[PDB]
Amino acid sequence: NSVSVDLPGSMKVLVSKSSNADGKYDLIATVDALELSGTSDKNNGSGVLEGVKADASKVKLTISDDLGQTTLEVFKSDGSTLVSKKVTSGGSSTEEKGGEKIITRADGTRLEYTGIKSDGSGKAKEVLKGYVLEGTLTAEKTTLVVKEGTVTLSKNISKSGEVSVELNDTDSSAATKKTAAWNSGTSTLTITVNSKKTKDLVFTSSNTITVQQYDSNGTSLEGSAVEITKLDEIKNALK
């Protein structure tokens, strides 16, 4: 048994009269025949409520602590890809549904964008043979990121589709700190550690990545260029 609380947008939340053994309160609300539940540290009707729609999308309602604003978010079934957000406060509401864009190349690899907004921002994924790179769209520039230890590899794709790659490492020790130089003519990132070249990463015209090590001198390539087949092999190369 609960108490009904008036929310922005003429919506209602039911908050239990008293708390459970943890001192938390149960929340129940009904949005578009879909009924949501949650628990909260407050007894006034604020907190987070969650539910699942008929199309498997994940719904999350956030009621602000002073009850002055509600945020209704719909995610894809992964529970992280934002499809829409409706914010209500001060008698008005703003409902925003992200744009989407999929570029499919001749080899079947893809660039996928979701959450596209008029400010030029979005979420991005590159779907490759064997792995996926994740990142963001910002000012129409795509940046896909792989992190390993203190190293961040960023694959950048311009609005026009020009690919460039950079590496940053926050490592304080130069026994171990990675730096890298991009050669746009060869589409090659050369990694250096402690004044020796260690690896060439080639971003090929086939939308693959190859890795080739340098010799003990740090001057000449040895062995063969090996094609990356999974995300962990990219991380291995950044170690």
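Residues carry their position along the shown sequence, with the first being 1.
- Look at the C-alpha B-factors of 72-80 and of 110-118. On average they run higher in 72-80.
- Between the stretches 16-24 and 222-230, it is 16-24 that shows the larger average CA temperature factor.
- Highest CA B-factor among 175, 63, 180, 202, as stated in the entry: 175.
- Of the candidates 85, 101, 159, 123, the one whose C-alpha carries the top B factor in the deposited record is 159.
- Ranked within its chain, residue 187 lands in the middle third, by CA B factor from the PDB record.
- Ranked by Cα temperature factor within the chain, residue 138 sits in the highest third according to the deposited record.
- Ranked by Cα temperature factor within the chain, residue 207 sits in the middle third according to the deposited record.
- Ranked by Cα temperature factor within the chain, residue 56 sits in the highest third according to the deposited record.
- Annotation for residue 213: C-alpha temperature factor in the lowest third relative to the rest of the modelled chain, per the entry.
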